[PDB]
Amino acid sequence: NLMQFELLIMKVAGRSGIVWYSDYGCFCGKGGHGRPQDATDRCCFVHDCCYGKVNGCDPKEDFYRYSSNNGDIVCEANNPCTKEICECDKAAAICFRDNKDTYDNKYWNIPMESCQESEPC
């Protein structure tokens, strides 16, 4: 569930997803569409796509089980569907962390005109 995603972002990237990644580019935030603007934005695009590939459970709603060790997330294999959700969230959190050097407020609150026809997954 997206609260768990927030927690993983905090554990892995050392910053809040809701604070910093909720209005970024074309995909980090609600109503994502268009083309990813930078690496951080692509992290969100990939996350959306990852969620779209999860079948048999609800990736935006269902809770998953995981452990965290000093910023290292282990998605538990108690249920392959919810593990898939967890792996989506873990991957996105890692992607935000790995691209922290190009995070840029240039991409905050960008005009509607910047996000039009969507890159397909």
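Throughout, we count residues from 1 along the sequence that is shown.
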Checklist outcome for this item: As the entry reports it, the stretch among 83-91 and 57-65 with higher mean C-alpha B factor is 57-65
Checklist entry - With respect to the recorded C-alpha B factors, which stretch has the higher mean value, 36-44 or 71-79? => result 71-79
Checklist entry - Should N105 be placed in the lowest, middle or highest third of its chain by the C-alpha B factor in the entry? => result lowest
Checklist entry - Considering only modelled residues of the same chain, in which third does the CA B-factor of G17 rank: lowest, middle or highest? => result middle
Checklist entry - Sorting the chain's CA B-factors, does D23 end up in the lowest, middle or highest third? => result middle
